[PDB]
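K.L.:
Below you'll find the sequence and an experimental structure to go with it.
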Amino acid sequence: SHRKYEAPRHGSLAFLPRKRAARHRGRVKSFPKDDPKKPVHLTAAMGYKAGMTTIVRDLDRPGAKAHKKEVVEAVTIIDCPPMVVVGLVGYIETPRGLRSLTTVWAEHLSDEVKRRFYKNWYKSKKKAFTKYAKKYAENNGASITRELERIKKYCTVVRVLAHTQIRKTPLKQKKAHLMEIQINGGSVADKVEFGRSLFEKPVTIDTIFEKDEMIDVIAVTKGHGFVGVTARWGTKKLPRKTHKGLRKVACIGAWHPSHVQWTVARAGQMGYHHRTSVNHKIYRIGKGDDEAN
Amino acid sequence: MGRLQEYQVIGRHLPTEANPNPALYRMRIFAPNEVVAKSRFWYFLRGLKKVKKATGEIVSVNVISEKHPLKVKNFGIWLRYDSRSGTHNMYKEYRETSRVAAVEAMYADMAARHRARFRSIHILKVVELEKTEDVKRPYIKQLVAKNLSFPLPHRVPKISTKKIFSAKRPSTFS
Amino acid sequence: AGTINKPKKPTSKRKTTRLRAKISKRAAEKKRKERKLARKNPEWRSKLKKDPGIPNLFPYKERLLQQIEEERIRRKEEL
Amino acid sequence: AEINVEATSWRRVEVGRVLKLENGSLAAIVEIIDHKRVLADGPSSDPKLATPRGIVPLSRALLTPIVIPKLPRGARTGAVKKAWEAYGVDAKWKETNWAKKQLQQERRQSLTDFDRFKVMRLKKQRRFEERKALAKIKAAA
Amino acid sequence: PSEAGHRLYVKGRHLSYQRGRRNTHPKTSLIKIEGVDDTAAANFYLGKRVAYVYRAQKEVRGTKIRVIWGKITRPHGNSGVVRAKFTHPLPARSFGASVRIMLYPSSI
Amino acid sequence: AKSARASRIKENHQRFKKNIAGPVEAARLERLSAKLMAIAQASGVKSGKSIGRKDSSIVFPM
Amino acid sequence: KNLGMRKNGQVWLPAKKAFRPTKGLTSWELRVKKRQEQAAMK
Amino acid sequence: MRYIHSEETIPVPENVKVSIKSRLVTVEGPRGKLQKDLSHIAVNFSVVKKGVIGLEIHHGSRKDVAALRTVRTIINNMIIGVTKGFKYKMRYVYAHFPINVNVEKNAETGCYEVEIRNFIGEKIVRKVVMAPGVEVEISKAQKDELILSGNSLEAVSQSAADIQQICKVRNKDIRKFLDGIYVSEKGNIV
Amino acid sequence: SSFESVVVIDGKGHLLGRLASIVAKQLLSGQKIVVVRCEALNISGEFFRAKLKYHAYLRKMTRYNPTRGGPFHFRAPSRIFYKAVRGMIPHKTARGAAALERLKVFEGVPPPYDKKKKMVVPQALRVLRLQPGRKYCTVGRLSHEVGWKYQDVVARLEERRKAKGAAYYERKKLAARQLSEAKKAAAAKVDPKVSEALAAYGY
RNA sequence: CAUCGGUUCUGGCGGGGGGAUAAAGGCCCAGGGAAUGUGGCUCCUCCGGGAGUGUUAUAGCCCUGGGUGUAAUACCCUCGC
RNA sequence: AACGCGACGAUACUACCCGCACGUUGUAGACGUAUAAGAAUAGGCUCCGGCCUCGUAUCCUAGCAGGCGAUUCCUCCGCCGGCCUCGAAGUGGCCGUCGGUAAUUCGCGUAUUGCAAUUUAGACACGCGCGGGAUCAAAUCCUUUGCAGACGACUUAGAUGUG
């Protein structure tokens, strides 16, 4: 028969499957929509989470109860060493979707970004991009000019390749993180000129974001391993000394079909999921050279 | 009801000692063949007189051919048909070239418009409208109009069904 | 009704064999019961059938009335 | 009140219009039965173009651009033949492009193997001069 | 040099066996002849010899090519499809394969 | 209550975007674009002018 | 101009005519003769 | 029944140019030029007489015959629009709060815009964007009146209906609250 | 009837079911078919009926797991046509599978099919099949309303393709005019006996 | 492959008979009649065409009887190649 | 999508590339496996004269499965190179060299495969070959890490260093 007392579902079906993320570095699923009348700008960056701290903020929120008063708020610190742009990727529109057409790299690549292409960097001959560095020299970069003008002529979406300087962080990892950051604003020729003017140059965080701006943070959450239904989904615990487990779901099914449904709470992997959180306010962009930041 | 022909069927009761010369009864019957013509004769004669097939004989069956099949004529058909309600009269008219063609068109039209079969339609009278003012239904009053000239818009060309693919898109103007 | 954007459960026209057999049996029993009620019916039924008549739209209805006239006159004269 | 309207102009089925049947013969319309059937008679001296008097469905007929002027409605075979030889329907039909296409089709299907070989050789001989003329035209302009 | 062809056969396609809705008879096969679309055209090709040419794996007696021979017996339907009987029934994998309809034995 | 997917709330948000937050985000955009613009600024076959060919399938192989 | 009023207020609407698609299929005098014949017949 | 031939006629004044090409009617006169695509209706156009447009349907049903009256009235309305024009006078009345109506011309879109404020004391500003070709004027002769003028009857009447339907009283007795904007008069400009 | 290497059909103005039946019969007979411009295929009846039918299709789904075994509702017009074709082919047999590998369907006219002759089927053409006055819809509009994301991209690509085809057809008109002038000029140099023999033979 | 036998499928050709000795229809002869009235005449006119008149004229049609005629053809039956 | 796809880096080895050298190597099935406007269908095309049911069309089509030698022609085709051009799954145009080439006509050879027996001939892919050109690479086990974790898996680090 029907359920006697109505209750909402435990968990959301919008975040299935609850599996581990396919990659450690977060993926930008969607970029902001491009307006060609806007000036050219970068749309994303990477950093490393340092930790959290406490602030006291003088609130200016008209109509609030804490207006013209002091509030204590929790904030997160993200260390952001400057990013080095070493590439330019072109995208075209097809009736199957966006397709990458070509990729132009810089002449000199650091060992940090060269470590990304290797799983055993210590045993390697470190031969990456060595033959590619010679096409900047042969025929005065005719192939480089050809690919850049191919991007200018055929592509609609332009993204730079930027890698983090992980040696300025206290991390023991020496392998840098490389990602595509989409140039928004201007025409495609302006985007390509912008990217080639940005090859081999460090880009700081204050030239991409500004204080008081709300941004999005994309990452992979804290992993918890194999976790049962009580903590994985928030189901109600069974009474004390219930036979065969009390941190369980009593009925995984009592009705047709003769199956277990995908909407039933089951034990499995909890945490280490890829998440995109929106509307996070930047409170301070502090500079490394400042001794009183 | 098929390729129909009109038959003069004359029949009579069998002569007895009381009546040496029985009366002859003649009907005009639209039937596909002579067997159906004689069957319909005996059916209609059982409906009117004390004659049946076991007590009567078929004196004559003659095909009545149309006098002028090359002359376009207007025909008025007065008929009765059976529905779930009962018997109903209809008078209809058909512009054809022969009485048998008019009757075949009537059978097809009654089947299409009122779902009446051959078993439930009685043909009472078929006449030729000799003058134009005898035409009463508007769909043939529009055909007997003076200087009737009309085009044929949107004529799909006759393309062979075995030729699957064509190289140009057909036109519907010829 | 919001039928185009959200259709409901379709109504199956695929007949069930059990349903068809039951419907055929019920139809046969209804025909039998109607035969019994027709045999036991006391409502009056005229032996003669009302003539539907001749349509007014027939153009030679005058002429038909004439040969009816000399037909009945000849029958009365012969009788 | 000047009005510029361009529209389609169908040929019209009427008394005097000449139909070309599926077998290639010709007929003239003398009476319209309904919107799908007509009465037509083809009283032509040429047996290929001749047609007996009778009912012609409009689905198996094609409207030719020849209209017999002042053909009386319901005229019998003698009157239609007199109008046919007076107006000269056969010569006008021979002048029309439909009969030229039909004659070309018959000439192509009446060919033997030697005929097709000679068609090939003569077409190549004509093609040589055509190619020379085309090369001269393309070189000049 | 001559830049012509060397074809003396009419192309055809092996459609299916002689069959009902469920029961198939592999002894008689159905062939669609190119350019034939009615019984009047199929009557010309009645009695002609039709060959199915396929490639085997091993080279036997100088070739890796095997031929199944048969003859066209009667027309099928109203669309120029013909029935043929072969020495051995045609492979069921060859539904849609190409067959050669010869011009012999000829009555021209 | 009016939902997030409500036409009136969408129209109010569109008016807010067009009239209020728009100029602020715009001015932030020219400031950031100028700042990173500062960092950015600070034969045909043999020259690449003509884009030539680089150095399953859509069609049936034949 | 139009000397009358229209109930809906669409003053630009033309003086429409009766929707009679069977117009012109018969004449008035012939109809009068047929009326006399049907009266005698009935 | 299928009627073999059915015809309608449209008289055309001297100052009107009518061009029909693949059932696309273009009517130009002293006030302006209008276009309308009537390709969704099977109809044959012809020049029966000088200054007379003939509409004909062949072998059509009663519905197909009846559609010619709609086509006739549409083309006649286009002719009346390009000759005399169309004018809708609207009056806006109020009980306590004076309704404020502002009219401006958005030049980038090339169209007029009407802003309505203080409708029963509401702080929202209602905005109506006109269809192109419809000109809005606050009447100086009478009190609290808009005038909508144009060549397209459909555009002018639809703009008037939008102005009526944007000012609707909600959750109140309509016998008591009579506030709103109403179409007072419909007619021709000339 | 003729056997081609591959037949390219233009989907514009065609009826979905009739074209699908004809394509399925030719695929089972052994013919390779490429159908282009599936977004321009026509479905008889007014558009709300087709929208209601596709929504009733979308309603059906496997309850216990929607990632396996369920009806996977493809929103592209080419895949709608492909579903219509696959419903008329025994796709669960090896013969039906091999027949289905002989079919290619696309939105628009991707290269190199832009430079190939696109044939039409008169038995499925909307203008030749439907009675005037009846309503019809287009598969591309239905796909755009049920979730297809690339209507505008296909539109821009088709505009570019048609501009290039317009330039090609200007060149074709120039070539045809030059060929006619060449034949007119060479008519005065060819042997009159050859010309009369060709005229008598019909060429 | 040829010549055959048995069974069978299919195509073409030459005849005969029957009906209202098909019905039509063509070409003539003798009557009668009408309009979806031809020519002519009259009246309107945008002169593009309509309206009226009457029985063939500078088109024709229908009805009845006769000759060619035991005409042809369709349909049915049948004898063969 | 673990049997959907794209761009890019380095590619030891017979591995990669080029040429011809062939397959008891494989293919739902070569035999001229020839042909790009778009758009409307109660309207279109054009060379601007006219044309439109019709792809029953157009191109190509002869020669030992197609030779040799002339007479003769400047027509057609193909490989390379240059310059442009083609991104929807990327390929065509012009020019130049070279090679072949009945549009006309003729001579020498065809036989004997014996009265038919697939006309073993195309394309793609794969392998074995040689003869040349090009390049000297990674992954995993192991140790370690704890941003991870039942175990696998994952984030790291391990070759001189900011280890």
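P.N.:
Sure thing, it's come through. Residues are numbered from 1 along each chain as shown, chains lettered A, B, ... in the order given.
K.L.:
OK, contacts around residue A:52?
P.N.:
Residues counted as contacts of residue A:52 (CB atoms under 8 Å, 6 or more residues apart in numbering or on different chains) are A:74-77. Quick note: C-beta positions are derived from backbone N, CA and C, even for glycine.
K.L.:
Show me where chain B has its helices.
P.N.:
Assigned by DSSP state H, chain B shows helices spanning B:34-46, B:99-114, B:138-141.
K.L.:
err, chain I, not the other one
P.N.:
Taking DSSP H as the criterion, chain I contains helices spanning I:16-29, I:47-59, I:77-86, I:94-100, I:126-129, I:139-146, I:151-186, I:192-201.
K.L.:
Likewise for chain D?
P.N.:
In order along the chain, chain D carries the following helices (DSSP H): D:77-87, D:89-95, D:97-109, D:113-140.
K.L.:
Next to chain B, which bits of chain H? Give me the list.
P.N.:
H:1-5, H:42, H:44, H:58-59 (CB under 8 Å from any CB of the partner chain).
K.L.:
Now tabulate those residues in a markdown table and tack on neighbour count and distance to residue B:114.
P.N.:
Listed next are those as a markdown table, based on neighbours: other CB atoms under 10 Å in any protein chain shown; distance: CB to CB, whole Å:
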| residue | neighbour count | distance to residue B:114 |
| --- | --- | --- |
| H:1 | 10 | 16 |
| H:2 | 13 | 19 |
| H:3 | 18 | 23 |
| H:4 | 18 | 25 |
| H:5 | 17 | 29 |
| H:42 | 15 | 30 |
| H:44 | 17 | 35 |
| H:58 | 22 | 28 |
| H:59 | 17 | 24 |
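K.L.:
could you pick out which of those are near chain G?
P.N.:
Among these, the residues within reach of chain G (CB under 8 Å from any CB) are residue H:3.
K.L.:
so of the residues of chain H next to chain B, which ones are in strands?
P.N.:
For the residues of chain H next to chain B, the ones inside strands are H:3-5, H:44, H:58-59, with DSSP state E as the criterion.
K.L.:
Of those residues, just say which sits nearest to residue H:133.
P.N.:
Within these, distances to residue H:133 taken as CB to CB reach their minimum at residue H:44, with 29.6 Å.
K.L.:
What residues are bridge-paired with the closest residue to residue E:104 other than its chain neighbours?
P.N.:
The shortest distance from residue E:104 to any residue that is not its chain neighbour, by CB to CB, 6 or more residues apart in numbering or on different chains, is 6.4 Å, and that residue is residue E:49. The residues paired with residue E:49 through beta bridges, assigned by DSSP bridges, are residue E:71.
K.L.:
shouldn't residue E:49 be in contact with residue E:102?
P.N.:
Yes. In this structure residue E:49 lies within contact range of residue E:102 using CB atoms under 8 Å: 4.7 Å.
K.L.:
what does chain F have sitting close to chain A?
P.N.:
Counting by CB under 8 Å from any CB, the residues of chain F close to chain A are F:28-41, F:46-49, F:51-52, F:54-55.
K.L.:
hmm, which of these are the buried ones?
P.N.:
With neighbours counted by 16 or more other CB atoms under 10 Å in any protein chain shown, those contain buried members at F:28-29, F:32-33, F:36-37, F:39-40, F:48, F:51.
K.L.:
overlap between those and the residues near RNA strand K?
P.N.:
Filtering these for neighbours of RNA strand K using CB under 7 Å from any atom of the strand leaves residue F:51.
K.L.:
OK, contacts around whichever residue of chain F sits closest to RNA strand J?
P.N.:
Taking CB to the nearest atom of the strand as the measure, the point where chain F comes nearest RNA strand J is residue F:62, at 36.9 Å. By CB under 8 Å, 6+ apart, the residues touching residue F:62 are I:5-6.
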